[PDB]
Each structure stands twice: as structure tokens, then as C-alpha cells.
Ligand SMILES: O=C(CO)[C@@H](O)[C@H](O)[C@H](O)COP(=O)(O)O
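Take a look at this single chain in C-alpha cells; it is the form deposited without the ligand.
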């Protein structure tokens, strides 16, 4: 009749949830995502660094139920562009999400279906409300891993497809040790 309640441990310093489902994304998994494709290729052949890892505790896709996951987003740049998660829209556009920043320095880039953009800086303790209808990506703007916990409806779904093709209308770069949020040159949509 009833699902079993349970506890798991999250290590706030490493992001690891022991016995969660671990996904690893290396740079080679992100062709077409970064603006500087020649820088992408070089770094892929040279080293192919891990860009991010995810530790996810997911339920069966059910309305009213919740999933949670940590992400460890590693520091680095592709050309001038900081490492980031691929980003997605939810499959059901009526699903919100909550992020809680745990370690390091980063931010969230969000985008409406039109291309209207929003940046929210994230340091430890920051809680971000991700509303329905917004595509979302996190960005590591520091020198150490950026670690966060996300809590999201079990039936939210993921649409990675649109972002893979279009990308975000903004990019986050470093020029001169200054972090800048600027127009995506490759934005024609």
C-alpha cells in the first residue's frame, strides 16, 4: 500500500551520494555545446576532462512525487567559456524545480521559450527557484568544483533536444579575469 520512507547521506564537500545513480559527462559528450569548437576539439584530444557528475535518487515517474540529485560541476574553460551543464527544458512545462548551492562559485542561466534570459549567481547557501517554462543551465565561474543539490518533480521529464540544437541566448565568459554574461554570437533564433 505505502512506499517506504528513507534517508541517504550527501557529502557537502564532495557532492557524492553513496548508492545513488551516477552519471558522468566528459567534454567529448558535449559536441556542439561550446562556442569555440576548435578549443573544444583540442581539449577533447589533449585530455577530455570530466565536465560534470550527477548523483541522482529518482522515483518512478509519478505526479506529486519528487526526485533529488547532486551535481559536481568541475572548473575549467573551453576557450573563454566556463564549463557548464548541458541544460534542459522540462518535458512537462508545468514543473518547477529547487536548487540549493552547497560549495564553490557558480550561477544559473535561465531562458524562456522566446530567448529572454536571466542570470542568478550561486554561492553556498543560495536557493534558486526555477519556474515552469524556463530552460536552465548551471555554470562554474570559479577555480574549484561547484556543487549543488536539485529537487524536482518525478514526472518533470527532460528535454535536452532543443538546447542541444539551439543553445542559450547568452554565454558566460572570462575576459581579463572578469566574468561576463554576454550575447551568444551563434544566436540567430
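Numbering follows the first chain given and starts at 1.
Beyond what is shown, the protein has a form solved in complex with the ligand; the following relates to that form.
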Report task. Could you superimpose the pocket C-alphas so that the ligand sits on this ligand-free chain as it does in the entry with it bound, and then tell me whether the site is open or blocked by the 2.4 Å backbone/C-beta test with a threshold of 3 atoms? Result -> open
Requested in this report: Scan 128, 164, 39, 54 and let me know which has any heavy atom within 4.5 Å of the ligand in the entry with it bound.
Outcome: 54
Query raised in the report: Can you check whether residue 105 is within 4.5 Å of the ligand in the entry with it bound, heavy atom basis?
Result: no
Query raised in the report: Would residue 62 count as a contact of the ligand in the entry with it bound, using a 4.5 angstroms cut-off between non-hydrogen atoms?
Result: no
Query raised in the report: Taking heavy atoms and a 4.5 Å cut-off, does residue 99 contact the ligand in the entry with it bound?
Result: yes
Query raised in the report: If you check in the entry with it bound, is residue 27 within 4.5 Å of the ligand, heavy atoms only?
Result: no
Query raised in the report: Quick one: which residues from 84-117 get a non-hydrogen atom within 4.5 Å of the ligand in the entry with it bound?
Result: 85, 86, 87, 88, 97, 99
